[PDB]
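For reference, upload02.cif is printed below; it contains mmCIF, C-alpha atoms.
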```
data_run
loop_
_atom_site.label_atom_id
_atom_site.label_comp_id
_atom_site.auth_asym_id
_atom_site.auth_seq_id
_atom_site.Cartn_x
_atom_site.Cartn_y
_atom_site.Cartn_z
CA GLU A 125 27.26 -1.75 6.21
CA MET A 126 24.09 0.22 5.50
CA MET A 127 20.50 -0.85 6.04
CA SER A 128 19.76 -0.56 2.32
CA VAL A 129 21.35 -3.96 1.63
CA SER A 130 20.93 -7.41 3.14
CA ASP A 131 24.26 -7.21 4.97
CA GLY A 132 23.22 -4.12 6.92
CA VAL A 133 20.74 -5.92 9.15
CA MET A 134 22.17 -8.22 11.81
CA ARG A 135 20.95 -11.73 12.65
CA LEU A 136 19.28 -13.50 15.56
CA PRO A 137 19.59 -17.22 16.40
CA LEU A 138 16.56 -19.47 16.72
CA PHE A 139 16.09 -22.41 19.09
CA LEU A 140 14.84 -25.05 16.68
CA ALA A 141 14.87 -28.39 18.48
CA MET A 142 16.61 -30.43 21.17
CA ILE A 143 17.75 -34.05 20.98
CA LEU A 144 17.26 -36.20 24.08
CA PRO A 145 19.19 -39.29 25.21
CA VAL A 146 18.11 -42.50 23.51
CA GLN A 147 16.36 -45.36 25.28
CA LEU A 148 18.49 -48.12 26.80
CA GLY A 149 17.77 -51.82 27.14
CA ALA A 150 18.55 -55.36 26.11
CA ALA A 151 16.87 -58.76 25.77
CA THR A 152 18.44 -61.75 27.53
CA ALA A 153 15.54 -63.10 29.62
CA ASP A 154 15.04 -66.19 27.44
CA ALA A 155 18.09 -67.92 28.92
CA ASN B 311 19.78 5.49 4.94
CA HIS B 312 20.19 3.89 8.38
CA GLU B 313 22.54 1.87 10.58
CA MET B 314 22.38 -0.48 13.56
CA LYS B 315 24.29 -1.39 16.74
CA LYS B 316 24.01 -3.79 19.69
CA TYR B 317 24.67 -4.11 23.43
CA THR B 318 24.27 -6.70 26.20
CA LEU B 319 23.81 -7.27 29.95
CA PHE B 320 23.81 -10.01 32.59
CA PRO B 321 22.78 -10.29 36.28
CA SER B 322 24.38 -11.42 39.56
CA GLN B 323 23.27 -13.34 42.66
CA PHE B 324 22.80 -13.03 46.42
CA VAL B 325 21.96 -15.26 49.39
CA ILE B 326 21.17 -15.01 53.11
CA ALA B 327 20.07 -17.35 55.90
CA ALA B 328 18.86 -17.55 59.51
CA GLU B 329 18.82 -19.99 62.42
CA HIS B 330 17.04 -20.81 65.69
CA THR B 331 16.22 -23.78 67.91
CA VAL B 332 12.96 -25.46 68.89
CA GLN B 333 13.10 -24.63 72.60
CA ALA B 334 13.66 -20.95 71.88
CA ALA B 335 10.68 -20.91 69.52
CA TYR B 336 8.41 -22.56 72.07
CA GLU B 337 9.52 -20.26 74.88
CA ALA B 338 9.10 -17.09 72.82
CA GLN B 339 5.68 -18.31 71.71
CA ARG B 340 4.57 -19.00 75.27
CA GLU B 341 5.87 -15.61 76.46
CA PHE B 342 5.05 -12.43 74.48
CA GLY B 343 3.10 -14.46 71.90
CA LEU B 344 5.79 -13.89 69.27
CA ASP B 345 6.72 -16.26 66.44
CA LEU B 346 10.34 -16.70 65.41
CA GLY B 347 9.81 -17.88 61.84
CA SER B 348 7.85 -14.84 60.72
CA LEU B 349 10.18 -12.43 62.51
CA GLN B 350 13.32 -13.88 60.93
CA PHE B 351 11.71 -14.14 57.49
CA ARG B 352 10.65 -10.49 57.54
CA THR B 353 14.06 -9.31 58.75
CA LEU B 354 15.82 -11.22 55.96
CA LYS B 355 13.46 -9.92 53.28
CA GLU B 356 13.93 -6.32 54.40
CA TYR B 357 17.70 -6.50 54.80
CA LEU B 358 18.12 -7.82 51.26
CA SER B 359 16.51 -4.72 49.76
CA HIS B 360 18.45 -2.44 52.10
CA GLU B 361 21.78 -3.93 51.02
CA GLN B 362 20.76 -3.69 47.37
CA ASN C 311 25.42 -36.53 34.96
CA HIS C 312 24.73 -35.09 31.51
CA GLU C 313 26.28 -32.80 28.89
CA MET C 314 25.29 -30.61 25.93
CA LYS C 315 26.38 -29.57 22.43
CA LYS C 316 25.14 -27.29 19.65
CA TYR C 317 24.91 -27.03 15.84
CA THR C 318 23.83 -24.47 13.23
CA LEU C 319 22.21 -24.16 9.79
CA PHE C 320 21.54 -21.53 7.10
CA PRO C 321 20.00 -21.25 3.59
CA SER C 322 21.06 -19.86 0.18
CA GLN C 323 19.48 -18.12 -2.83
CA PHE C 324 18.71 -18.52 -6.54
CA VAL C 325 17.56 -16.23 -9.38
CA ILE C 326 16.47 -16.53 -13.02
CA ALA C 327 14.76 -14.36 -15.62
CA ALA C 328 13.49 -14.25 -19.20
CA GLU C 329 12.72 -11.63 -21.84
CA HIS C 330 10.98 -11.03 -25.18
CA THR C 331 9.70 -8.17 -27.34
CA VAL C 332 6.12 -7.32 -28.24
CA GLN C 333 6.64 -7.64 -31.99
CA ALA C 334 7.99 -11.17 -31.61
CA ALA C 335 5.08 -12.14 -29.36
CA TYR C 336 2.48 -10.95 -31.85
CA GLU C 337 4.37 -12.52 -34.75
CA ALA C 338 4.38 -15.89 -33.01
CA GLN C 339 0.71 -15.55 -32.09
CA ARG C 340 -0.26 -14.73 -35.67
CA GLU C 341 1.80 -17.33 -37.52
CA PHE C 342 1.50 -20.23 -35.08
CA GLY C 343 -1.12 -19.42 -32.42
CA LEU C 344 1.06 -19.93 -29.35
CA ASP C 345 1.63 -17.71 -26.33
CA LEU C 346 5.20 -16.69 -25.55
CA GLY C 347 4.49 -15.44 -22.04
CA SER C 348 2.98 -18.66 -20.72
CA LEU C 349 5.65 -20.69 -22.50
CA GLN C 350 8.51 -18.78 -20.87
CA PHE C 351 6.78 -18.77 -17.47
CA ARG C 352 6.27 -22.54 -17.51
CA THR C 353 9.82 -23.20 -18.68
CA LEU C 354 11.26 -21.08 -15.87
CA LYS C 355 9.10 -22.67 -13.18
CA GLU C 356 9.89 -26.21 -14.28
CA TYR C 357 13.62 -25.65 -14.78
CA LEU C 358 13.96 -24.31 -11.24
CA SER C 359 12.76 -27.56 -9.67
CA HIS C 360 14.73 -29.66 -12.16
CA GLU C 361 18.00 -27.97 -11.25
CA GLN C 362 17.19 -28.16 -7.54
#
```
This entry written out as structure tokens:
Amino acid sequence: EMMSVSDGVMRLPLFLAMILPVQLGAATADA
Amino acid sequence: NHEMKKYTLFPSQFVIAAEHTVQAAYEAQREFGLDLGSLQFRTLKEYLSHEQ
Amino acid sequence: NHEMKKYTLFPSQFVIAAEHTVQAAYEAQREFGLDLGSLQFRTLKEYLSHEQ
């Protein structure tokens, strides 16, 4: 739990990307 | 060597409002030349800081 | 209306190393004309990607 090793330093999250709702539709106009 | 720690915080909210009618605004504009909207807005803005 | 969710990711590590003595290096250079240092370096670099 000392700064001399990798475990001593704590971590911080990163906001990478966001997924948005997909496009909706259909195709029935031919009838 | 060295060591590390962590802390946190979060805020809170407030709200205030005001009311008046059209006839009152017109009358108090015609007499004394006052304006209700500015008066009420200023009073609200000041009271918020006072309460804080 | 709408909703939300959340996910997470994190990486890992890898290490490798190689060794040789000076006498062996010069012996190889004299009797066959090949370089141990470059040989070992190339083998390490290529093996890393192969294993990955």
Once the PyMOL selection byres ((chain C) within 10 of (chain A)) has been evaluated on this model, what residues remain selected, and can you format them as a compact mmCIF listing (two decimals) with C-alpha atoms, keeping the file's coordinate frame?
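Okay, result.txt is ready:
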```
# COMPACT_ATOMS: atom_id res chain seq x y z
CA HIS C 312 24.73 -35.09 31.51
CA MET C 314 25.29 -30.61 25.93
CA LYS C 315 26.38 -29.57 22.43
CA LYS C 316 25.14 -27.29 19.65
CA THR C 318 23.83 -24.47 13.23
CA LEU C 319 22.21 -24.16 9.79
```
Correct to one decimal, the distance atom CA of residue B:311-atom CA of residue A:127 is 6.5 Å
Shell of 12 Å around residue C:355, only C-alpha atoms, local chain residues under 4 positions omitted, as number ranges by chain: C: 325-328, 348-351, 359-362
Quick one: superpose chain B onto chain C using all C-alpha atoms paired in order, least squares, and give it to me as an mmCIF file with C-alpha atoms, in the coordinates of the input.
```
data_model
loop_
_atom_site.group_PDB
_atom_site.id
_atom_site.type_symbol
_atom_site.label_atom_id
_atom_site.label_comp_id
_atom_site.auth_asym_id
_atom_site.auth_seq_id
_atom_site.Cartn_x
_atom_site.Cartn_y
_atom_site.Cartn_z
ATOM 1 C CA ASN B 311 22.567 -37.109 34.250
ATOM 2 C CA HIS B 312 22.462 -35.453 30.814
ATOM 3 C CA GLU B 313 24.303 -33.094 28.471
ATOM 4 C CA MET B 314 23.559 -30.784 25.549
ATOM 5 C CA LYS B 315 25.056 -29.585 22.246
ATOM 6 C CA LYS B 316 24.189 -27.244 19.363
ATOM 7 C CA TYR B 317 24.499 -26.815 15.589
ATOM 8 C CA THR B 318 23.499 -24.305 12.897
ATOM 9 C CA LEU B 319 22.667 -23.798 9.203
ATOM 10 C CA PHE B 320 22.049 -21.080 6.613
ATOM 11 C CA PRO B 321 20.703 -20.945 3.018
ATOM 12 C CA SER B 322 21.853 -19.575 -0.358
ATOM 13 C CA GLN B 323 20.229 -17.834 -3.334
ATOM 14 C CA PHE B 324 19.518 -18.198 -7.051
ATOM 15 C CA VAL B 325 18.123 -16.109 -9.913
ATOM 16 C CA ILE B 326 17.091 -16.463 -13.565
ATOM 17 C CA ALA B 327 15.437 -14.306 -16.226
ATOM 18 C CA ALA B 328 13.932 -14.278 -19.729
ATOM 19 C CA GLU B 329 13.299 -11.861 -22.589
ATOM 20 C CA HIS B 330 11.165 -11.308 -25.700
ATOM 21 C CA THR B 331 9.737 -8.488 -27.805
ATOM 22 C CA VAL B 332 6.196 -7.316 -28.506
ATOM 23 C CA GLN B 333 6.168 -8.102 -32.228
ATOM 24 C CA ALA B 334 7.329 -11.658 -31.610
ATOM 25 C CA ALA B 335 4.583 -12.155 -29.029
ATOM 26 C CA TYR B 336 1.898 -10.858 -31.371
ATOM 27 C CA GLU B 337 3.118 -12.954 -34.293
ATOM 28 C CA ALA B 338 3.341 -16.158 -32.256
ATOM 29 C CA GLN B 339 -0.126 -15.472 -30.868
ATOM 30 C CA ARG B 340 -1.602 -14.945 -34.321
ATOM 31 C CA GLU B 341 0.095 -18.096 -35.659
ATOM 32 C CA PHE B 342 -0.080 -21.370 -33.671
ATOM 33 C CA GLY B 343 -2.105 -19.667 -30.918
ATOM 34 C CA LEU B 344 0.837 -19.834 -28.511
ATOM 35 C CA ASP B 345 1.619 -17.361 -25.725
ATOM 36 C CA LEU B 346 5.201 -16.383 -24.970
ATOM 37 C CA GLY B 347 4.781 -15.309 -21.352
ATOM 38 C CA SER B 348 3.394 -18.614 -20.131
ATOM 39 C CA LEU B 349 5.912 -20.639 -22.132
ATOM 40 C CA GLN B 350 8.912 -18.737 -20.775
ATOM 41 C CA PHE B 351 7.556 -18.735 -17.218
ATOM 42 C CA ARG B 352 7.055 -22.503 -17.243
ATOM 43 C CA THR B 353 10.499 -23.150 -18.729
ATOM 44 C CA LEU B 354 12.164 -21.007 -16.053
ATOM 45 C CA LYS B 355 10.243 -22.657 -13.220
ATOM 46 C CA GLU B 356 11.160 -26.141 -14.428
ATOM 47 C CA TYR B 357 14.817 -25.393 -15.113
ATOM 48 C CA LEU B 358 15.310 -24.037 -11.596
ATOM 49 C CA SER B 359 14.306 -27.350 -10.025
ATOM 50 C CA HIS B 360 16.377 -29.303 -12.541
ATOM 51 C CA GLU B 361 19.520 -27.331 -11.698
ATOM 52 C CA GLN B 362 18.836 -27.735 -7.984
#
```
Residue neighbourhood residue B:313, 9 Å, all atoms listed in the file, exclusion window fewer than 4 positions, as an MDAnalysis selection string: chainID A and resid 125:127 132:133
Next item on the list: Could you state which residues are captured by the PyMOL selection byres ((chain B and resi 346) around 12) in this file, as a ChimeraX atom specification?
Entry: /B:328-345,347-353
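Here atom CA of residue B:322 stands at a distance of 24.6 Å from atom CA of residue A:136.
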**Prompt:** Which value, in Å to one decimal, gives the distance between atom CA of residue C:356 and atom CA of residue C:320?
**Reply:**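 The value is 24.8 Å.
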